[PDB]
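Sequence lines set the chain letters: A, B, ... in the order given, protein chains first and strands last, and positions in each chain run from 1. Scope of the values below: all heavy atoms of this structure, side chains included, with no hydrogens, waters or symmetry mates.
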Amino acid sequence: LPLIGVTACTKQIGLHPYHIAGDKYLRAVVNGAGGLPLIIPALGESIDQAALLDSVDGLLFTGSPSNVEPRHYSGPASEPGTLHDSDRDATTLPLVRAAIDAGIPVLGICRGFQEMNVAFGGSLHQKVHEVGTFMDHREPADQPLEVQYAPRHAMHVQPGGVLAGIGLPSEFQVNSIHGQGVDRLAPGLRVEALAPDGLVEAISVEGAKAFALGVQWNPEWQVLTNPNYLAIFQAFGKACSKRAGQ
Amino acid sequence: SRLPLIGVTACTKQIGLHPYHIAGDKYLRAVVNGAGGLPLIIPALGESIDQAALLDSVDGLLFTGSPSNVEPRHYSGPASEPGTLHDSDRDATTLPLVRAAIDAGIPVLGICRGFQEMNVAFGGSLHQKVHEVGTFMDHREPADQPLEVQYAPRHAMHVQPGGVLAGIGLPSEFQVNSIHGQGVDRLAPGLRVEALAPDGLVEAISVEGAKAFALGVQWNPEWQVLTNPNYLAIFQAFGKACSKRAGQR
Ligand SMILES: N[C@@H](CCC(=O)O)C(=O)O
Ligand SMILES: N[C@@H](CCC(=O)O)C(=O)O
Ligand SMILES: [Mg+2]
Ligand SMILES: [Mg+2]
């Protein structure tokens with residue numbers, strides 16, 4: 001089994017600080033990518049990043065309720081109350097760039113897709129639903145997970161990239177659990193898919209030595225019941241297996 | 001030299017509507033600072049994982065402390081009192097993993113709950129309330145105190161000669177912190193007592209005949225490990241064992 005590192009978030013739980021990761025991301029690595037998920041703590045520069053990269057066969061940058069701090073893309077200060085995770089930002093943004101340069105497969109989901117865009121020099125809309133023209137991409141409030149993570153808008157694959165290459169249909173439906181989204185696309189990123197309002201919702205890293213894909217939706221959700229989500233996780237898993245085989 | 005990849009056991013926690021796997025920052029920083037390793041957190045996924053693949057992927061394992069308690073059915077103990085904190089998903093991960101790791105020669109360090117896991121995994125039992133048995137001190141942390149006091153040294157620890165701790169050179173007595181309501185009752189077969197609290201409670205064990213480093217301690221040596229040499233020595237010994245395994249990669 002390939003060793004797939006999964007990014008942690010930080011959280012104070014009672015008296016103590018913790019590093020946490022969502023069960024559903026870990027189960028998707030097992031059930032969809034065929035990998036062994038181990039959680040990468042959000043320790044930033046305290047860890048030798050190069051040693052961390054040498055030790056994993058791929059990286060999953062997970063979603064999170066928190067938001068990339070806008071200073072990393074020279075954005076406007078966030079509204080009071082906005083959730084941030086500075087320790088995660090300090091870990092993931094340098095890790096993305098280093099992983100892609102070293103040829104470690106990368107899959108970014110939701111916040112992790114936003115991280116990929118910011119890490120390569122792009123910017124975000126902090127409230128897509130207040131921009132105008134764009135849909136409200138947030139999940140419905142006061143609903144169970146099954147409703148929040150159900151398919152809610154279409155997704156239009158752009159030919160000639162990773163998603164077309166794995167054989168996804170030209171249009172398929174995706175879930176949508178995000179209040180932020182891509183504003184300026186980072187240089188060197190290929191657009192892989194667009195929402196029907198034109199929002200960029202998937203990207204790949206041009207010229208990357210290994211699999212390097214980010215998606216704005218949440219394909220870890222019940223991955224075995226969605227052939228499109230599963231196809232993405234299986235392609236990521238194959239790339240990780242390639243690395244593990246060395 | 002290859003930094004050893006040290007797996008650190010997670011606990012489960014429901015946060016809102018989502019289940020999470022969690023691990024304490026102070027354990028992870030002790031792996032970096034004290035053992036010289038790269039910590040990755042092992043989810044509490046039980047049988048959903050190929051345990052053999054997990055063992056092949058790590059150079060050592062740290063079984064962490066936790067507020068939760070091993071479920072007493074695993075040592076045929078009486079049902080726990082109402083409200084006792086348990087983590088059945090962690091138990092389903094760690095008890096088989098301990099045995100398999102030591103059988104395969106993967107270095108193991110167990111701290112507090114993780115030391116209790118080691119004793120239970122090999123067939124031993126626990127006292128669910130050490131402070132109520134009658135012959136032990138109260139080994140829990142003091143109630144209305146901040147962490148720096150709760151995790152400070154609070155009782156002595158007496159090394160039993162001839163084992164891992166004496167081999168590390170630790171003194172015959174040293175002070176340790178104490179943040180635990182449970183403790184060893186019956187030692188498991190195949191375990192060597194390494195140290196006793198002054199009341200006689202077994203607070204450290206090693207596995208007889210293990211191919212590789214296999215140590216559990218009931219105190220919490222991750223706490224401020226860098227400035228406590230008696231704690232640091234344990235993490236340094238663990239880290240050296242993990243590095244030996246990494247060198248066979
Ligand atoms: N907080 C970010 C990421 C969401 C997520 O990963 O679920 C947003 O609202 O877009
Ligand atoms: N809950 C267990 C373990 C404590 C801990 O690991 O901190 C006890 O009270 O003994
Ligand atoms: Mg959307
Ligand atoms: Mg004690």
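- The choice from A:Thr10, A:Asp54, A:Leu3 that makes the most heavy-atom pairs within less than 4.5 Å of chain B is A:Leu3.
- Heavy-atom distances place no part of B:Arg249 under 4.5 Å from chain A, backbone and side chain included.
- The contact list for residues 14-37 of chain A toward chain B, using heavy atoms and a distance under 4.5 Å, reads A:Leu15, A:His16, A:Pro17, A:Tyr18, A:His19, A:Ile20, A:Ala21, A:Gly22, A:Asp23, A:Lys24, A:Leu26, A:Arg27, A:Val30, A:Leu36, A:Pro37 by residue number.
- Of the two parts of A:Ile40, the backbone and the side chain both hold a non-hydrogen atom closer than 4.5 Å to a non-hydrogen atom of chain B.
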Determine, step by step, whether B:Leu40 and A:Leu52 satisfy the side-chain contact (heavy atoms from CB on, under 4.5 Å) criterion, reporting the C-alpha distance in whole Å, the side-chain angles of both residues, the deciding distance to 0.1 Å, and the verdict.
CA-CA 9 Å; B:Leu40 296 182; A:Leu52 172 67; 3.9 Å; yes
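- Between A:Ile39 and B:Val8, the closest side-chain pair of non-hydrogen atoms is not below 4.5 Å.
- Residues of residues 43-51 of chain B lying under 4.5 angstrom from chain A, judged on non-hydrogen atoms, are B:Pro43, B:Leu45, B:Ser48, B:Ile49, B:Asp50 by number.
- Residues that satisfy the side chain to side chain donor-acceptor pair (under 3.5 Å) test with B:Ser66, not counting sequence neighbours, are B:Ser68.
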Report, one line per pair, each donor and acceptor closer than 3.5 Å where one atom sits in a side chain of residues 229-244 of chain B; sequence neighbours left out.
unit_1   : atom_1 : unit_2   : atom_2 : d
B:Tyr231 : OH     : B:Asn177 : N      : 3.0
B:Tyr231 : OH     : B:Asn177 : OD1    : 3.4
B:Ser243 : OG     : B:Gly239 : O      : 3.1

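- In this structure, CD1 on B:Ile6 lies 11.5 Å from OG on A:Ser55, to the nearest 0.5 angstrom.
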